[PDB]
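The chain that follows stands alone, in the form deposited in one PDB entry, written as structure tokens.
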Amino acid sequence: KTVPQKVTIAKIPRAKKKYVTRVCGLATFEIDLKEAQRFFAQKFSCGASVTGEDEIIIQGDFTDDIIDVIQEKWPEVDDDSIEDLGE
């Protein structure tokens, strides 16, 4: 319906690695993005930023393993509810 009248601002870091991994939709599971950002940063020892309403950016390509990491950390994310958009 009507899109909310609302302004958001976010700083987004320059990518220093060959890739960045963008994670969207954790908030639709009521996962707190600050908690998620902390987990990813500590888990991977790479930079992680909250960059959108429902969006986290991780420095590095973690697409081969991040689905299993997310599902282990937040097991409410069932197999039918998470996917790599590059595949």
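Rigid core: the largest C-alpha set superposing within 1.5 Å between the two forms. For every residue, the number given is its place in the sequence shown, counted from 1. Only residues modelled in both forms are compared.
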Mind pulling up the entry and telling me whether 57 to 65 or 30 to 38 has the higher mean Cα temperature factor?
-> 30 to 38
Which of these, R22, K17, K11, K73, has its C-alpha atom at the highest B-factor, as the entry lists it?
-> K73
What third of the chain, by the recorded C-alpha B-factor, contains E83?
-> middle
Among the modelled residues of its chain, the C-alpha B-factor of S45 falls in the third labelled highest
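The form deposited in another entry is left out here; the points below concern that form.
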Cα of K18 displaced 2 Å or more between this form and the one not shown, core superposed?
-> no
Assert for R38-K11 (C-alpha, 3 Å or more) in that other deposited form vs reference form: pair farther
Since the CA distance of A10 and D68 differs by 3 Å or more in that other deposited form, is it closer or farther than in the form displayed?
-> farther
Moved regions between this form and the one not shown after rigid core superposition (C-alpha shift of 2 angstroms or more, 3 or more residues per run) are 3 to 17
